[PDB]
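Peer 1: Please see the structure below; I have some questions.
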Amino acid sequence: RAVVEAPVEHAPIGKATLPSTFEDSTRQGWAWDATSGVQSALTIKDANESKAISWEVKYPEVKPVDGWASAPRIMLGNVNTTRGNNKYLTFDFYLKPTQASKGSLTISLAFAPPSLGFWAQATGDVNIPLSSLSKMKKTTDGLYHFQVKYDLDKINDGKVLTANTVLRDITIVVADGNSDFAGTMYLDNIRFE
Ligand SMILES: OC[C@H]1O[C@@H](O[C@H]2[C@H](O)[C@@H](O)[C@H](O[C@H]3[C@H](O)[C@@H](O)[C@H](O[C@H]4[C@H](O)[C@@H](O)[C@H](O)O[C@@H]4CO)O[C@@H]3CO)O[C@@H]2CO)[C@H](O)[C@@H](O)[C@@H]1O
Ligand SMILES: [Ca+2]
């Protein structure tokens, strides 16, 4: 299936780049998956004094049964990277809610390794409770700043990512955990470490 809307003015696609810093004002190869429930503009905005890729999302009040149907699902296609000696994939994730009071966001990471049936999913989903936020100190520019880590030795289905396993694509999903989130999200500094 494909989720479609009228043409939207994304920032320039650029070229797949890791670490993804967005400093060249392009998306450095990141784009919505064709199945992403969110297909609105991906742009390059300042977040916490750095350029970051960004979108808006307000999850529906009536929640789909499939837990990713409404989710931003952003992908770095055909990067063809490997983890090397790195234990983690990590990135900066920022929120600027207009509404956030209940439920959670559940952030997943996946890869498409051609040797592993084009899917390998990190086991360590990260949940951000929205009631936790009001008590969190914001950045100077009014954001909630998370640095999210995924231990690449914890992968579902017994699949193993070795130092040399080709990762064709990287996917990040920000799923709705029965939440009332509305507002802006941002990614920066997407990298292995
Ligand atoms: O639905 C929510 C549920 O999702 C689970 O993850 C699903 C994904 O939602 C789904 O998009 C993903 O589909 C993959 C599939 O696994 C790959 O095998 C397939 O690979 C393609 C490849 O991309 C092509 O280039 C190649 O030519 O063909 C191969 C084989 O078809 O690509 C599709 C699309 O990326 O499958 C996931 C695992 O089932 C989550 O695991 C779960 O947590 C969520 O709740
Ligand atoms: Ca940046």
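All residue names refer to the structure tokens as shown: chains lettered A, B, ... in order, residues numbered from 1 in each chain, ligands numbered from 1 in order.
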As JSON, numbers by chain, which residues of range 124-181 of chain A does DSSP assign to helix (DSSP H, G or I)?
Peer 2: {"A": [130, 131, 132, 133, 134, 135, 156, 157, 158]}
Peer 1: Would you mind exporting the chosen residues as a PDB file, in the first residue's frame, restricted to N, CA, C and O atoms?
Peer 2:
ATOM      1  N   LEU A 130       4.073  10.739  28.157  1.00  0.00           N
ATOM      2  CA  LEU A 130       3.789  12.173  28.028  1.00  0.00           C
ATOM      3  C   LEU A 130       3.539  12.878  29.350  1.00  0.00           C
ATOM      4  O   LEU A 130       3.866  14.052  29.444  1.00  0.00           O
ATOM      5  N   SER A 131       3.012  12.132  30.315  1.00  0.00           N
ATOM      6  CA  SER A 131       2.955  12.808  31.676  1.00  0.00           C
ATOM      7  C   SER A 131       4.396  13.103  32.244  1.00  0.00           C
ATOM      8  O   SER A 131       4.628  14.032  33.123  1.00  0.00           O
ATOM      9  N   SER A 132       5.456  12.539  31.669  1.00  0.00           N
ATOM     10  CA  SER A 132       6.755  12.751  32.274  1.00  0.00           C
ATOM     11  C   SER A 132       7.197  14.176  31.844  1.00  0.00           C
ATOM     12  O   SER A 132       8.024  14.808  32.531  1.00  0.00           O
ATOM     13  N   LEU A 133       6.612  14.725  30.745  1.00  0.00           N
ATOM     14  CA  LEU A 133       7.242  15.840  30.090  1.00  0.00           C
ATOM     15  C   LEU A 133       7.196  17.103  30.814  1.00  0.00           C
ATOM     16  O   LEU A 133       8.157  17.849  30.818  1.00  0.00           O
ATOM     17  N   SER A 134       6.044  17.444  31.368  1.00  0.00           N
ATOM     18  CA  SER A 134       5.935  18.809  31.932  1.00  0.00           C
ATOM     19  C   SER A 134       7.033  19.050  32.962  1.00  0.00           C
ATOM     20  O   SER A 134       7.478  20.234  33.123  1.00  0.00           O
ATOM     21  N   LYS A 135       7.469  17.984  33.639  1.00  0.00           N
ATOM     22  CA  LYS A 135       8.508  18.075  34.674  1.00  0.00           C
ATOM     23  C   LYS A 135       9.952  18.066  34.144  1.00  0.00           C
ATOM     24  O   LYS A 135      10.892  18.426  34.874  1.00  0.00           O
ATOM     25  N   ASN A 156      15.523  -8.626  17.451  1.00  0.00           N
ATOM     26  CA  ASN A 156      14.443  -9.628  17.496  1.00  0.00           C
ATOM     27  C   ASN A 156      14.749 -10.806  16.582  1.00  0.00           C
ATOM     28  O   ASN A 156      15.516 -10.759  15.617  1.00  0.00           O
ATOM     29  N   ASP A 157      14.006 -11.888  16.896  1.00  0.00           N
ATOM     30  CA  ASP A 157      13.936 -13.079  16.015  1.00  0.00           C
ATOM     31  C   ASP A 157      15.255 -13.846  15.900  1.00  0.00           C
ATOM     32  O   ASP A 157      15.475 -14.508  14.844  1.00  0.00           O
ATOM     33  N   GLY A 158      16.172 -13.698  16.838  1.00  0.00           N
ATOM     34  CA  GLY A 158      17.411 -14.404  16.815  1.00  0.00           C
ATOM     35  C   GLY A 158      18.350 -13.882  15.744  1.00  0.00           C
ATOM     36  O   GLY A 158      19.411 -14.463  15.488  1.00  0.00           O
TER      37      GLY A 158
END
Peer 1: Might you pull out every residue within 10 Å of range 89-95 of chain A, with only C-alpha atoms counted and same-chain residues fewer than 5 positions away left off, and present them as a ChimeraX atom specification?
Peer 2: /A:19-21,47-48,52-54,56,83,100,107,109,122,133,138-139,142-152,181-193
Peer 1: Give me the residues within 10 Å of residue 40 in chain A as an MDAnalysis selection string, counting only C-alpha atoms and dropping any in the same chain fewer than 4 places off.
Peer 2: chainID A and resid 4:10 32 36 55:57 72
Peer 1: Point out the residue among A:23, A:81, A:87, A:137 with the least atom-to-atom distance to residue 164 in chain A, counting only C-alpha atoms.
Peer 2: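 The shortest atom-to-atom distance to residue 164 in chain A comes from A:81.
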Peer 1: As an MDAnalysis selection string, please: every protein or nucleic acid residue near ligand 1 (cut-off 8 Å, counting only C-alpha atoms and all ligand atoms).
Peer 2: chainID A and resid 35 66:69 108 112 114 117:121
Peer 1: Save the residues we just selected, C-alpha atoms, as a PDB file, in the first residue's frame?
Peer 2:
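Ended up saving to result_9.pdb:
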ATOM      1  CA  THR A  35       3.656   3.193   4.160  1.00  0.00           C
ATOM      2  CA  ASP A  66      -2.287  -1.691  13.620  1.00  0.00           C
ATOM      3  CA  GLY A  67       0.148   0.084  16.018  1.00  0.00           C
ATOM      4  CA  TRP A  68       2.259   1.700  13.273  1.00  0.00           C
ATOM      5  CA  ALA A  69      -0.584   2.772  10.938  1.00  0.00           C
ATOM      6  CA  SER A 108      11.387   1.686  17.340  1.00  0.00           C
ATOM      7  CA  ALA A 112      16.792  -3.896   6.144  1.00  0.00           C
ATOM      8  CA  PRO A 114      19.629  -8.213   2.471  1.00  0.00           C
ATOM      9  CA  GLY A 117      15.159 -11.153   4.780  1.00  0.00           C
ATOM     10  CA  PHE A 118      15.345  -7.295   4.579  1.00  0.00           C
ATOM     11  CA  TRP A 119      14.167  -6.754   8.138  1.00  0.00           C
ATOM     12  CA  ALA A 120      15.956  -6.751  11.501  1.00  0.00           C
ATOM     13  CA  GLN A 121      14.337  -4.895  14.388  1.00  0.00           C
TER      14      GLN A 121
END
Peer 1: Which residue out of A:73, A:1, A:45, A:51 has the minimum interatomic distance to ligand 2 when only C-alpha atoms and all ligand atoms are used?
Peer 2: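 Of A:73, A:1, A:45, A:51, the one nearest ligand 2, counting only C-alpha atoms and all ligand atoms, is A:51.
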Peer 1: Enumerate the residues of chain A with a DSSP assignment of strand (DSSP E), computed from the backbone, and present them as a VMD selection string.
Peer 2: chain A and resid 30 to 32 43 to 47 50 to 58 73 to 76 88 to 99 104 to 112 120 to 121 126 to 129 144 to 151 169 to 177 182 to 192
Peer 1: In Å, with one decimal, what is the gap from CA of residue 59 in chain A to CA of residue 39 in chain A?
Peer 2: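 Atom-to-atom, CA of residue 59 in chain A to CA of residue 39 in chain A, that is 12.7 Å.
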Peer 1: Tell me which of A:17, A:115, A:28, A:99 sits closest to residue 160 in chain A, counting only C-alpha atoms.
Peer 2: A:115
